[PDB]
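Here's the structure, in C-alpha cells; my notes come after.
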Amino acid sequence: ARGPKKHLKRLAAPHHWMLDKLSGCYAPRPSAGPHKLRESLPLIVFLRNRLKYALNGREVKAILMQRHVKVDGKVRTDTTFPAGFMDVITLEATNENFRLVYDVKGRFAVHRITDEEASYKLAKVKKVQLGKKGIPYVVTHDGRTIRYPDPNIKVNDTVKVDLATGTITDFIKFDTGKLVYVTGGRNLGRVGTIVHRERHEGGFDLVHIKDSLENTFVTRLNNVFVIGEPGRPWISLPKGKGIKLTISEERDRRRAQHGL
Amino acid sequence: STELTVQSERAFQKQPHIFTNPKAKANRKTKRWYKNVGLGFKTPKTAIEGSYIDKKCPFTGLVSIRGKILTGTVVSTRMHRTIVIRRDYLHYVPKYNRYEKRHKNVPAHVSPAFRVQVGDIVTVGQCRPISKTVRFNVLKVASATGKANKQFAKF
Amino acid sequence: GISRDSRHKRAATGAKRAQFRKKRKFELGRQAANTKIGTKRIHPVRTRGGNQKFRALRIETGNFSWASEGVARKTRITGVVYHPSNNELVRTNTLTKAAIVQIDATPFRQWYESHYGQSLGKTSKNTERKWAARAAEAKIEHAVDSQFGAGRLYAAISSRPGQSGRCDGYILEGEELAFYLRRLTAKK
Amino acid sequence: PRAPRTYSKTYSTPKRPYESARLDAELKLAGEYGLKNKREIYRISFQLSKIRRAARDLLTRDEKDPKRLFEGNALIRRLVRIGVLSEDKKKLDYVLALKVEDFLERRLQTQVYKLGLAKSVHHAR
RNA sequence: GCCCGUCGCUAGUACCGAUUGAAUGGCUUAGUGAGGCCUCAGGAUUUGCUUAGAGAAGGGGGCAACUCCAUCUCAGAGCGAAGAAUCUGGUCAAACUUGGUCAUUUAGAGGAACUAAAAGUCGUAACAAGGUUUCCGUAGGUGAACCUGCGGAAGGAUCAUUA
RNA sequence: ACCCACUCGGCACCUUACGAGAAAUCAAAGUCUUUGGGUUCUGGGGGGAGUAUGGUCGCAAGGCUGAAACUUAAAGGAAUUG
RNA sequence: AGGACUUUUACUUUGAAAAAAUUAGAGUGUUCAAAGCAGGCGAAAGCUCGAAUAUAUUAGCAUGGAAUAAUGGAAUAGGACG
RNA sequence: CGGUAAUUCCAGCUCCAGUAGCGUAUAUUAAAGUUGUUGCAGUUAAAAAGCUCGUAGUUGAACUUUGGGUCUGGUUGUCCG
RNA sequence: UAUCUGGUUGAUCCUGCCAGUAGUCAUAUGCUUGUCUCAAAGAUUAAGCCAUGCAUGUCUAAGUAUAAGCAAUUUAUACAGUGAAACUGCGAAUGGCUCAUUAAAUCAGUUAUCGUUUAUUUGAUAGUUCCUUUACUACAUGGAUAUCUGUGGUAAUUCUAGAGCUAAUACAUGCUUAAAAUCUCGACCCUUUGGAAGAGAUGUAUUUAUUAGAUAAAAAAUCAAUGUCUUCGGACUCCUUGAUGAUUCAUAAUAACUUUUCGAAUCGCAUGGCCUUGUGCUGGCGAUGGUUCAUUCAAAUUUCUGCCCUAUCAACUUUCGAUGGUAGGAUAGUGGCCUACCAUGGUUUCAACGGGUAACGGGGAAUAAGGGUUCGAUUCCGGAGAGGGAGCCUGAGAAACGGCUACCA
Ligand SMILES: [Mg+2]
Ligand SMILES: [Mg+2]
Ligand SMILES: [Mg+2]
Ligand SMILES: [Mg+2]
Ligand SMILES: [Mg+2]
Ligand SMILES: [Mg+2]
Ligand SMILES: [Mg+2]
Ligand SMILES: [Mg+2]
Ligand SMILES: [Mg+2]
Ligand SMILES: [Mg+2]
Ligand SMILES: [Mg+2]
Ligand SMILES: [Mg+2]
Ligand SMILES: [Mg+2]
Ligand SMILES: [Mg+2]
Ligand SMILES: [Mg+2]
Ligand SMILES: [Mg+2]
Ligand SMILES: [Mg+2]
Ligand SMILES: [Mg+2]
Ligand SMILES: [Mg+2]
Ligand SMILES: [Mg+2]
Ligand SMILES: [Mg+2]
Ligand SMILES: [Mg+2]
Ligand SMILES: [Mg+2]
Ligand SMILES: [Mg+2]
Ligand SMILES: [Mg+2]
Ligand SMILES: [Mg+2]
Ligand SMILES: [Mg+2]
Ligand SMILES: [Mg+2]
Ligand SMILES: [Mg+2]
Ligand SMILES: [Mg+2]
Ligand SMILES: [Mg+2]
Ligand SMILES: [Mg+2]
Ligand SMILES: [Mg+2]
Ligand SMILES: [Mg+2]
Ligand SMILES: [Mg+2]
Ligand SMILES: [Mg+2]
Ligand SMILES: [Mg+2]
Ligand SMILES: [Mg+2]
Ligand SMILES: [Mg+2]
Ligand SMILES: [Mg+2]
Ligand SMILES: [Mg+2]
Ligand SMILES: [Mg+2]
Ligand SMILES: [Mg+2]
Ligand SMILES: [Mg+2]
Ligand SMILES: [Mg+2]
C-alpha cells in the first residue's frame, strides 16, 4: 500500500467488536481519534450493535447528526468516532449515561452509570513532559494534554479529569497494594490489587495482580490502569467486578441462578 | 591496531559540541564527554580517561545502546575498529526431535577502550545501524583471555 | 532517480541480489549542492512532508561565531583554503560543511576594539570603568592576533549549506587552529 | 470477498466397501428402520465416531482435570438429553459402549413408530 | 527341457552428430543515446516604483508649479519582480548499433545404440562334470555366442589321509 | 623338553536351541514389535546400465562420480517333490 | 532502593505473547443438519443469559528447579579474607 | 477370458453395489515398517568402500550433601459428628 | 479415522514391486439429474491481445452567485429562496484484480526508532507583525483570473488562441497592542561597598556557536579576587533544577543569522446586555483556517530465529563498493546510500556462491493411532505489478499508471 489504509474488512476487525462474520463484507474502520483502533470502539458499533437503538448505518447517521450523542461532554457527530476505554457517552434522550469498561470476558460491555458521577472521567498518565517556555504538561491515554499538572504526578499514574473544564481534579499514585484494572491480553476486564511490580531493567515492566477471589496473575505495565484503593474504587465497576469465574464456575452460575 | 597519534587522519577528530576554552587558564588535558549506557554496565576506565575519539563509542560517542543484548565469542578482531563475533546455537529439528549445531557471524563495532583478540567471549549490545553490516557495539569483554590469565611457570 | 536503498548493493556475503522491486519515492536522492562563492542564490526545494529545504549554491556571507568570548557576527567568506574530504573542492572553491575558509575578520576586529580596545596588529567614564573591571583579561592567544594583523581569519564552517541554506561556522581557535596550520604548512 | 461459512462433510464411507457381513448388517439396519440409503448408517456411524473420539480423548486426560470434568459432563448431559444414553450409565465410560443402533432408535421415524400413531416403520417415514 | 550372441525385418525411444547452422532470452566489451530532474546561461512577454517631456484644456474641487488630477500618453532610462521558447554541464538512465559470451528451444546429412515384436539365419556359450567345471579382474584374438594367457574365488563336482 | 591346573590374547573347531532367521544356517547373522550403546558407508522391483553426458585422474589402458527417455509383471533368495 | 559482585549455558515447569476466519469445543429445536451467533421469558405491562474455552509444539521475554549434558575457577599462587 | 457348450466378449433374463448420484484420467494422501526419528534392510534376495590413517561432523569412563529429627501448610482415603 | 487382498512356483516360505482399496475446499471429463438450504468459479497453458459500456467525483444554514437558469410569494434595494457552470477545498495513493518477478528476498513470530516524516481526527497551544512609537486603511489594501458575453481555427481529442467585464478561506500585501521583566550602551557625581538620569533590543520560526540541565556524606585553614548587612566582631546562614536503563534528552539562557515561516483583512446563526441613546460601547453558539507540541491513522527503515531441490555448483566478492575507517554530499532520518582519501577486508563443508523452482510468504487445506507426506494462484494479513522497461509533476502520502514523459513491443 502507498499511503494510509481506509478500509477494514469484517474478519480483520477486532474480535471484541465481536460482530457477525456474515451479513457484511466490511466493518467500521474507526477514524483517527483519542484511542487506538484496535483498542477503541466506533460509535456505530456501540449504537447499532451494543445498544440496538438503531438498525443500520443510516439510523446511526441520523442519531449522531442531531447531536444526541455526547462523548465526554462533546457532540462527536462522526459515525466511526473511536469512543475508547473509560470514555463517557451521554444521551440526553432517555437521559442515560454510559462509561465504557471491559466486562471480564474482555469486551466493551454496556454499563449504565449514574448522572452524578458521569460529570468526571478517569485517565492513565502515559507521559509527563516539559513543553515550550518550560511549561510542564501531562499526556493521558486519551491523548488529552493537560497543562500545568501537579508537580509530583508521574508516569503510569492515574488522574481524575473533571471532563467539564478538562483540568485535573485528583490523582492516584501508582504503587503496591492498590486497586487496578487491566486493559489488554488474556486478562482483559480483570480487576485486582498490585502485589508486586518487578522492574526488569531494560524494558517491559511487569506487575503481579491478586483479585478479591485470591487468584493471582501477572500483566505488563503498559497493560495496567490503576482504578482506586482496595475496597474503594473511584468508579462504578461493572457487573461481576471482573473476578473471571472459571468455565465450570460460570456453568454453576448458569445452573444456580436460573428462573424461567 | 590503534595509532599513537590521537588524530591521524586529515579531518580533525573532536567530540562534537564539547568545547575546551583556551582563554581560560585551567589548562587541563581537555574536556572529554562521556556517558554510561545503563543496564548495570560499567564504563571502562580506559574510556573514562582515554584520549581516543571513536564517534561510535557507546561510552563517549553519540551512539546509544538499546534493544538486543547478545553474548558471543570473538572470531575476527583483525578488521579496523570493528569485531566479528561467532554466535553458536542449536536449531531444533522436530521431525527427528534432534538439535543441529549452527552458527551466525554478527559484525559489531568495538570501541578502542576495549582490548580484544581472537577468542574472547564478548557481551555486545544493539544500537543504530552504524555501517552496512554492523549494528552492535561491544559493551563488555567478559573473558579477556579465558585460559591465558596465567602464562608462565616459575616455581 | 538517484536511489539510496540497500537492494542494489551486494549482500554482506557478496551475492548479487536480484531486483525485488523498482525503486520507490521515499528512497530518492537529489543532486549535490556543490555551493560556490558570490551573488547569493538560494533555491528552495519541496521535500517530503513539505518542510522546505534550501540549496545554498553561490553563497558569499554568513554568520560566524567565536567560542572563547562567545560572540557571533555576520561576515564574508573569502575563499576556501582546506577541505578534509577532497582538495578538488578547494581548487574549485566548493563550499560544504567542515570546509576551512578565510574571513574578512573586520567585524570581530572593531568589536574587540569597542569591547577591550587593545589595538591589534601591533571616552566615557562608564566604558573606562568597564575596561578597568575587565583588567586586561583579554589575553587571547598569539596566532589569532597574527592573522588579525594579516586581516583574514581562519574559520571552519559548521552549517550544511546543502540542506539548511545558511553558511554558519566558527573560527579555528585553540589547539584546533594549531592542528590545521600544521596541515596548511603541509600544503605550504 | 465475503467471509465464508464452513460446509463440512457429515459421513465417511468405509474403506473396505465390499464386506459381506458388514453389507448384511447394513441391510438389516436399513430394513429395520426404513432407511432410504446406506448413507444414513454411515452418518450415524460418523456421529458415533466423533463422540467416541471425544470420549477417548477425555479418558486419556487425568481424572479430576478441569477439561475432563467440564467437557465430559457436557457430553454426558447432551447425550442423556438426546436420550441415547440411559440415565443409569452417565459415567463417560459407557459412552464408548454406545452402538449405532442406539442413535438409530432415537430418530423421529422410530419414535413415531413406537408411539403407535404410525403402525409401520415405512408408514412412519 | 531351458537358453546365449552375430547377421536379417517392423515400430518406438534416446544419444552423438559435420552442417562451422536457426530462433529466443540472458548478461556484456565498444560506440550512440530519447526524456525527465538539477545546474550554467538566456530573456519573448507580463508587470511595479520612479517625474521622464506632450497635446489633456478647472483631464485637482479656484486664467497659473491642474490651488496637476488613482492627469491623456508614448522616446523615456534606471531600478526591480514574475517570467516562455532556447541553451551550458552533469544525473538518472530507457533504448539503438556493433561484436563477445552463456542458457533453452531448434533443425540437420550421417553414425552408434537399446527396447518390443520371436515361426528368419549361423552356430550351441550357459543350466548336469553343459560334455573344456563355473565365475571375477586384466590383455590378446576371432562370423557369433566365446577361446586363450596370468592372478584370484566356490556361488564346486572335495568341508575328509594321523591312509 | 614334556605332564597336570589356571589365566590373558589369536586363527579356529564340535554340540545345542533355550535365542535369531524366508530358510541354507549363525555362538554371532543373539541380546529387534518386550523395537534406542557410539558411529561411517550403501540399497528401494527387473532391464536400459555402471550406458550416455558433464567433470576429474591417467601417456595409454582405463579408474572415480554417474541419470533419464523407454520397456517390463516380474526378475530374484532358500528350500521340498519329481 | 539504592552502590556492590554477579561463571556461562543447554534442559524443563508456570505466565505474558503467538490477529480474526479455520481446527477443537461449551450454550442455543436454524422444523433436523451443513450452518448461524444467536436467542429466552413476562401477565404481555419490558425483563433478560449470551456471543464460552484450548491448542499450537520453533525464535524472543519473565519465572521456579538444579538431576542429566557441557564450560570456568587456586599450581609461577598474580589465590580467598581481615 | 476368447481356437464350436465363453459363469469374463455382444445381447435378453435374474442379481449385486452406490444411489440423485455413479463411472472413468492425471495428481496426491493412508495403505508404504516400499523413506523407516518413533520404524526398514546390507552372508547369499538390491545393498559393507580393498585396507589403513585423518580434519570437520556425531559420540565420549567414574567422581564432588547423602542422610537423618522435629515442627508446620494444603490434597486424599480414612472413623464418625 | 492403529485391518489388508490378487499376481513369479508342480507346490512352499520370503524379498520385492505391479494391481486392487478409501480418500482429496484437486481439477478435467462421460453418463444421468426431481426438491430446500449453501456456494466455488478464465489460477494451472497465455502477467497473451482487447472492440464496446460502465468502474471516482464531490456543497453544508456556514468559501466564491449577476446562469440575461428556475421562484416571485409573504419575509427580500447588495445579498439572502433553489440552483446549472466554473474557480476554491478535498479525495482520487482507499477499494478491486493478478501472482509475473523475488530463495535471508518476501513473510511469520519477537524487538528497536535516544535514527526519522506524518494531511486528517482528538487535546492543548501565541499580546511583541510598533522598531525610535510626536503624522497610518484597520469602520477593511491591490491586481489579475476563470464561469459568462462574443470571434474563430482543426477532420477529428475532456484540443482552446484572441477580445470584454467579474469575485474569494484563490494570488498577493498589511494594521493594531498592553504592561512587566532581562539584556545591553551612559548627561553626571565622590572619593569607593563606587552608584546612578537615561537610551535601544528581546514572541515565535530557521541556522550556528556557548552555557545550565546538579545531586554518596560532616568540618577547616589559607593566601588571590570581592559581593550583601553591618547592632564595624566580621557572619555569609539562603541558593532552583523534570524524565528514561542510558543521552548532547525535555526544557531554559547568551551571542548572533535569515533572499524573514506563523502570529484570523475568512464565513453561518442568534443578534443579548450597558446606557456614556450612537450606529456608540460591548457581547453567545458554531464553521473554516493557523504555529508548535502531543495523540491517532500510519509510513519508512530495524534486531534474533526460521525457508523447497541441487556439489554433474567449492570457493565466492573488490579495479565499476566488495568489508571497515574518517570527512563531506544526499536523505525526513541512521546507513558505502554516493563521493574523496585510506585499511584489505566480508561469507564458506554448520553448504557460502552458482543453478533449478510448472516458488509469491503466512494464517491455513487434504490426509490421520502416534511420527508424518503433499498442497497453500484464491474469501484474512503482508509484498509486488499494471504490456517490458526507465523518468517525473502535484501531495502528507505515488516512482501512481481508470496521472503524465520517452524508448522498445
Ligand atoms: Mg489495495
Ligand atoms: Mg525400429
Ligand atoms: Mg541537456
Ligand atoms: Mg547349424
Ligand atoms: Mg555349450
Ligand atoms: Mg563348460
Ligand atoms: Mg570334451
Ligand atoms: Mg564341446
Ligand atoms: Mg531399480
Ligand atoms: Mg546392474
Ligand atoms: Mg568422460
Ligand atoms: Mg534357487
Ligand atoms: Mg488465530
Ligand atoms: Mg465445527
Ligand atoms: Mg453361451
Ligand atoms: Mg525394504
Ligand atoms: Mg546372485
Ligand atoms: Mg547381492
Ligand atoms: Mg567391506
Ligand atoms: Mg574430528
Ligand atoms: Mg559421563
Ligand atoms: Mg501406518
Ligand atoms: Mg523365480
Ligand atoms: Mg501357476
Ligand atoms: Mg496402487
Ligand atoms: Mg415446494
Ligand atoms: Mg491465467
Ligand atoms: Mg475539484
Ligand atoms: Mg443554498
Ligand atoms: Mg537462487
Ligand atoms: Mg551542556
Ligand atoms: Mg536539544
Ligand atoms: Mg556519515
Ligand atoms: Mg507457497
Ligand atoms: Mg512464478
Ligand atoms: Mg497463497
Ligand atoms: Mg502461477
Ligand atoms: Mg491480498
Ligand atoms: Mg504500484
Ligand atoms: Mg495484459
Ligand atoms: Mg492532499
Ligand atoms: Mg509505473
Ligand atoms: Mg485499467
Ligand atoms: Mg489503481
Ligand atoms: Mg493523465
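Chain identifiers are assigned as A, B, and so on, following the order in which chains appear in the C-alpha cells; residues are numbered from 1 within each chain, and ligands are numbered from 1 in order of appearance.
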With a cut-off of 7 Å and counting only C-alpha atoms (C1' of nucleotides), select all residues of chain B in contact with chain I and give the selection as an NGL selection string.
:B and (9 or 11 or 36-39 or 64 or 67-68 or 79-80 or 101-103 or 128-132)
Could the residues in this selection be written to a file with N, CA, C and O atoms, as a PDB file, in the first residue's frame?
```
ATOM      1  N   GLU B   9      44.139  11.125  10.901  1.00  0.00           N
ATOM      2  CA  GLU B   9      43.577  11.360   9.584  1.00  0.00           C
ATOM      3  C   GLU B   9      43.586  12.843   9.225  1.00  0.00           C
ATOM      4  O   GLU B   9      44.027  13.699   9.995  1.00  0.00           O
ATOM      5  N   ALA B  11      40.932  14.980   8.524  1.00  0.00           N
ATOM      6  CA  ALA B  11      40.000  15.758   9.325  1.00  0.00           C
ATOM      7  C   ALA B  11      40.426  15.738  10.785  1.00  0.00           C
ATOM      8  O   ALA B  11      41.055  14.785  11.247  1.00  0.00           O
ATOM      9  N   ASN B  36      27.172   6.697  30.633  1.00  0.00           N
ATOM     10  CA  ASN B  36      27.006   5.293  30.981  1.00  0.00           C
ATOM     11  C   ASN B  36      25.800   4.741  30.238  1.00  0.00           C
ATOM     12  O   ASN B  36      24.728   5.355  30.241  1.00  0.00           O
ATOM     13  N   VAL B  37      25.976   3.584  29.601  1.00  0.00           N
ATOM     14  CA  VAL B  37      24.954   3.015  28.731  1.00  0.00           C
ATOM     15  C   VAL B  37      23.859   2.345  29.547  1.00  0.00           C
ATOM     16  O   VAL B  37      22.881   1.836  28.990  1.00  0.00           O
ATOM     17  N   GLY B  38      24.007   2.338  30.866  1.00  0.00           N
ATOM     18  CA  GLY B  38      22.971   1.735  31.674  1.00  0.00           C
ATOM     19  C   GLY B  38      23.037   0.216  31.661  1.00  0.00           C
ATOM     20  O   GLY B  38      24.041  -0.396  31.291  1.00  0.00           O
ATOM     21  N   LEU B  39      21.929  -0.393  32.081  1.00  0.00           N
ATOM     22  CA  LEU B  39      21.793  -1.837  32.257  1.00  0.00           C
ATOM     23  C   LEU B  39      22.797  -2.402  33.249  1.00  0.00           C
ATOM     24  O   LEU B  39      23.087  -3.604  33.212  1.00  0.00           O
ATOM     25  N   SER B  64      23.716   5.301  20.971  1.00  0.00           N
ATOM     26  CA  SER B  64      23.041   4.843  22.174  1.00  0.00           C
ATOM     27  C   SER B  64      22.755   3.355  22.061  1.00  0.00           C
ATOM     28  O   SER B  64      22.503   2.836  20.972  1.00  0.00           O
ATOM     29  N   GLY B  67      17.836  -2.212  22.915  1.00  0.00           N
ATOM     30  CA  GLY B  67      17.368  -3.376  22.191  1.00  0.00           C
ATOM     31  C   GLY B  67      18.022  -4.675  22.611  1.00  0.00           C
ATOM     32  O   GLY B  67      18.137  -4.963  23.805  1.00  0.00           O
ATOM     33  N   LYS B  68      18.455  -5.466  21.633  1.00  0.00           N
ATOM     34  CA  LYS B  68      19.010  -6.782  21.912  1.00  0.00           C
ATOM     35  C   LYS B  68      20.334  -6.680  22.657  1.00  0.00           C
ATOM     36  O   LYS B  68      21.092  -5.721  22.500  1.00  0.00           O
ATOM     37  N   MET B  79      39.975  -6.517  11.604  1.00  0.00           N
ATOM     38  CA  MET B  79      39.440  -5.511  10.697  1.00  0.00           C
ATOM     39  C   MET B  79      39.091  -4.283  11.534  1.00  0.00           C
ATOM     40  O   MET B  79      38.517  -4.402  12.620  1.00  0.00           O
ATOM     41  N   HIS B  80      39.460  -3.105  11.027  1.00  0.00           N
ATOM     42  CA  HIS B  80      39.710  -1.951  11.892  1.00  0.00           C
ATOM     43  C   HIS B  80      38.482  -1.520  12.682  1.00  0.00           C
ATOM     44  O   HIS B  80      37.365  -1.483  12.158  1.00  0.00           O
ATOM     45  N   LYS B 101      23.695 -28.179  15.358  1.00  0.00           N
ATOM     46  CA  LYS B 101      24.628 -27.103  15.649  1.00  0.00           C
ATOM     47  C   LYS B 101      24.633 -26.095  14.510  1.00  0.00           C
ATOM     48  O   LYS B 101      24.714 -26.464  13.336  1.00  0.00           O
ATOM     49  N   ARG B 102      24.546 -24.813  14.857  1.00  0.00           N
ATOM     50  CA  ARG B 102      24.521 -23.757  13.858  1.00  0.00           C
ATOM     51  C   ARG B 102      25.248 -22.543  14.409  1.00  0.00           C
ATOM     52  O   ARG B 102      25.407 -22.383  15.622  1.00  0.00           O
ATOM     53  N   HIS B 103      25.680 -21.677  13.498  1.00  0.00           N
ATOM     54  CA  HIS B 103      26.457 -20.508  13.869  1.00  0.00           C
ATOM     55  C   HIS B 103      26.085 -19.345  12.967  1.00  0.00           C
ATOM     56  O   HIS B 103      25.776 -19.537  11.789  1.00  0.00           O
ATOM     57  N   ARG B 128      21.986   1.805  16.754  1.00  0.00           N
ATOM     58  CA  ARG B 128      21.565   2.217  15.428  1.00  0.00           C
ATOM     59  C   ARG B 128      22.400   1.489  14.381  1.00  0.00           C
ATOM     60  O   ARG B 128      23.447   0.922  14.695  1.00  0.00           O
ATOM     61  N   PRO B 129      21.934   1.442  13.137  1.00  0.00           N
ATOM     62  CA  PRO B 129      22.810   0.976  12.059  1.00  0.00           C
ATOM     63  C   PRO B 129      24.031   1.877  11.937  1.00  0.00           C
ATOM     64  O   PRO B 129      23.929   3.044  11.557  1.00  0.00           O
ATOM     65  N   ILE B 130      25.192   1.323  12.267  1.00  0.00           N
ATOM     66  CA  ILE B 130      26.463   2.035  12.211  1.00  0.00           C
ATOM     67  C   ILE B 130      27.092   1.947  10.828  1.00  0.00           C
ATOM     68  O   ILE B 130      27.526   2.953  10.269  1.00  0.00           O
ATOM     69  N   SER B 131      27.163   0.746  10.265  1.00  0.00           N
ATOM     70  CA  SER B 131      27.634   0.585   8.897  1.00  0.00           C
ATOM     71  C   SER B 131      26.631  -0.237   8.107  1.00  0.00           C
ATOM     72  O   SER B 131      25.498  -0.437   8.553  1.00  0.00           O
ATOM     73  N   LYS B 132      27.035  -0.704   6.927  1.00  0.00           N
ATOM     74  CA  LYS B 132      26.157  -1.560   6.141  1.00  0.00           C
ATOM     75  C   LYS B 132      25.784  -2.819   6.907  1.00  0.00           C
ATOM     76  O   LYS B 132      24.651  -3.302   6.810  1.00  0.00           O
TER      77      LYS B 132
END
```
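Within the 12 Å cut-off around region 43-50 of chain E, using only C-alpha atoms (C1' of nucleotides) and omitting residues fewer than 6 positions from it on the same chain, the listed residues are residues 76, 77, 78, 79, 80, 81, 82, 83, 84, 85, 86 and 87 of chain E; 142, 143 and 144 of chain I.
The residues sitting within 12 Å of ligand 38, with only C-alpha atoms (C1' of nucleotides) and all ligand atoms considered, come out as residues 1 and 9 of chain A; 1 of chain D; 95, 96, 97, 98, 99, 360, 361, 362, 377, 378, 379, 380, 381, 382, 383 and 384 of chain I.
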How would you write, as an MDAnalysis selection string, the set of residues no farther than 10 Å from ligand 20 when counting only C-alpha atoms (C1' of nucleotides) and all ligand atoms?
chainID H and resid 54:58
If the cut-off is 6 Å, can you tell me the residues of chain B near chain G, counting only C-alpha atoms (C1' of nucleotides)? I'd like them as a PyMOL selection string.
chain B and resi 153-155
Save the residues we just selected, C-alpha atoms, as a PDB file, in the first residue's frame?
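Just written: selection38.pdb:
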```pdb
ATOM      1  CA  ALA B 153      55.522 -21.148  35.247  1.00  0.00           C
ATOM      2  CA  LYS B 154      58.327 -20.227  37.665  1.00  0.00           C
ATOM      3  CA  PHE B 155      58.367 -22.170  40.938  1.00  0.00           C
TER       4      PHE B 155
END
```
Pairwise distance, CA of residue 104 (chain B) with CA of residue 87 (chain B), equals 5.3 Å
All alpha helix (DSSP H) positions in region 9-158 of chain C, as a PyMOL selection string
chain C and resi 87-91+106-115+125-134+142-150
Output the selection as a compact mmCIF listing (two decimals), in the first residue's frame - N, CA and C atoms for each residue.
```
# COMPACT_ATOMS: atom_id res chain seq x y z
N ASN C 87 40.41 17.73 -1.84
CA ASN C 87 41.04 19.00 -2.19
C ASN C 87 40.53 19.56 -3.51
N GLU C 88 39.83 18.74 -4.29
CA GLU C 88 39.24 19.23 -5.53
C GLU C 88 38.21 20.32 -5.26
N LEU C 89 37.46 20.18 -4.17
CA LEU C 89 36.53 21.24 -3.78
C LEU C 89 37.28 22.52 -3.44
N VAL C 90 38.45 22.39 -2.80
CA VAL C 90 39.27 23.56 -2.50
C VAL C 90 39.72 24.23 -3.79
N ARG C 91 40.19 23.43 -4.75
CA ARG C 91 40.64 24.00 -6.02
C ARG C 91 39.50 24.65 -6.78
N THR C 106 36.99 41.86 9.81
CA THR C 106 36.83 43.21 10.36
C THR C 106 35.83 43.24 11.51
N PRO C 107 34.59 42.72 11.36
CA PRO C 107 33.60 42.90 12.43
C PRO C 107 34.08 42.43 13.79
N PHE C 108 34.77 41.29 13.83
CA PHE C 108 35.42 40.86 15.06
C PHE C 108 36.44 41.89 15.52
N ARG C 109 37.13 42.53 14.57
CA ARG C 109 38.18 43.48 14.95
C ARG C 109 37.60 44.69 15.68
N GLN C 110 36.59 45.36 15.10
CA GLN C 110 36.17 46.55 15.86
C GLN C 110 35.22 46.17 16.98
N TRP C 111 34.66 44.96 16.98
CA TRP C 111 34.00 44.51 18.20
C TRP C 111 35.00 44.37 19.33
N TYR C 112 36.18 43.82 19.04
CA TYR C 112 37.25 43.75 20.02
C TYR C 112 37.66 45.15 20.46
N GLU C 113 37.78 46.06 19.50
CA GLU C 113 38.22 47.42 19.81
C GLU C 113 37.21 48.15 20.70
N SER C 114 35.92 48.01 20.41
CA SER C 114 34.88 48.61 21.24
C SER C 114 34.60 47.80 22.50
N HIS C 115 35.17 46.61 22.62
CA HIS C 115 34.95 45.74 23.76
C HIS C 115 36.14 45.71 24.71
N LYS C 125 33.27 57.71 31.12
CA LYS C 125 33.79 57.07 32.32
C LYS C 125 33.22 55.67 32.51
N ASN C 126 32.00 55.43 32.03
CA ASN C 126 31.41 54.10 32.16
C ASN C 126 32.22 53.06 31.40
N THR C 127 32.59 53.37 30.15
CA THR C 127 33.40 52.44 29.38
C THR C 127 34.76 52.23 30.03
N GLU C 128 35.36 53.30 30.55
CA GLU C 128 36.65 53.18 31.21
C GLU C 128 36.57 52.27 32.43
N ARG C 129 35.50 52.40 33.22
CA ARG C 129 35.36 51.53 34.39
C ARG C 129 35.07 50.09 33.98
N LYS C 130 34.33 49.88 32.89
CA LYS C 130 34.14 48.52 32.39
C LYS C 130 35.47 47.90 31.98
N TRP C 131 36.30 48.67 31.28
CA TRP C 131 37.61 48.15 30.87
C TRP C 131 38.49 47.88 32.09
N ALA C 132 38.43 48.75 33.10
CA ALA C 132 39.20 48.53 34.31
C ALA C 132 38.75 47.26 35.03
N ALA C 133 37.44 47.03 35.09
CA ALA C 133 36.93 45.80 35.68
C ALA C 133 37.37 44.59 34.87
N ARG C 134 37.48 44.75 33.55
CA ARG C 134 37.99 43.67 32.70
C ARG C 134 39.43 43.33 33.07
N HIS C 142 48.28 34.01 20.52
CA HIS C 142 49.10 34.81 19.61
C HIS C 142 48.74 34.60 18.14
N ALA C 143 48.40 33.37 17.73
CA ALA C 143 48.20 33.10 16.31
C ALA C 143 46.99 33.86 15.76
N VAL C 144 45.90 33.93 16.52
CA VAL C 144 44.74 34.68 16.06
C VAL C 144 45.10 36.16 15.91
N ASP C 145 45.96 36.68 16.79
CA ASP C 145 46.47 38.03 16.58
C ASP C 145 47.32 38.11 15.32
N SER C 146 48.04 37.04 14.99
CA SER C 146 48.86 37.04 13.78
C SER C 146 47.99 37.18 12.54
N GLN C 147 46.93 36.38 12.44
CA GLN C 147 46.04 36.57 11.29
C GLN C 147 45.17 37.82 11.40
N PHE C 148 44.96 38.36 12.60
CA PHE C 148 44.30 39.66 12.71
C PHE C 148 45.17 40.75 12.09
N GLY C 149 46.47 40.70 12.36
CA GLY C 149 47.39 41.57 11.65
C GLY C 149 47.39 41.30 10.16
N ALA C 150 47.30 40.02 9.78
CA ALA C 150 47.11 39.67 8.37
C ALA C 150 45.77 40.19 7.86
```
Which residues form the shell of 12 Å around ligand 3 when you count only C-alpha atoms (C1' of nucleotides) and all ligand atoms, given as an MDAnalysis selection string?
chainID E and resid 34:40 86:91
Using only C-alpha atoms (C1' of nucleotides) and all ligand atoms, find each residue with an atom at most 10 Å away from ligand 41 and format the answer as a VMD selection string.
chain I and resid 89 to 93 119 to 120 394 to 397
Write the residues of the preceding selection, restricted to C-alpha atoms (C1' of nucleotides), as a PDB file, in the first residue's frame.
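out_30.pdb written:
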```pdb
ATOM      1  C1'   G I  89     -11.090  22.946  -0.944  1.00  0.00           C
ATOM      2  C1'   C I  90     -10.690  17.520  -0.505  1.00  0.00           C
ATOM      3  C1'   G I  91     -10.268  12.504  -2.315  1.00  0.00           C
ATOM      4  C1'   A I  92      -8.528  10.457  -6.475  1.00  0.00           C
ATOM      5  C1'   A I  93      -2.113   6.713  -3.214  1.00  0.00           C
ATOM      6  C1'   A I 119      -2.940  15.694   5.576  1.00  0.00           C
ATOM      7  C1'   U I 120      -6.509  14.235   8.601  1.00  0.00           C
ATOM      8  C1'   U I 394       1.052  17.603  -7.726  1.00  0.00           C
ATOM      9  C1'   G I 395       0.653  15.913  -2.099  1.00  0.00           C
ATOM     10  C1'   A I 396       1.101  14.455   3.995  1.00  0.00           C
ATOM     11  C1'   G I 397       1.290  10.198   1.441  1.00  0.00           C
TER      12        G I 397
END
```
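Neighbouring residues of ligand 21 at a cut-off of 8 Å, counting only C-alpha atoms (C1' of nucleotides) and all ligand atoms, are residues 60, 61 and 62 of chain H.
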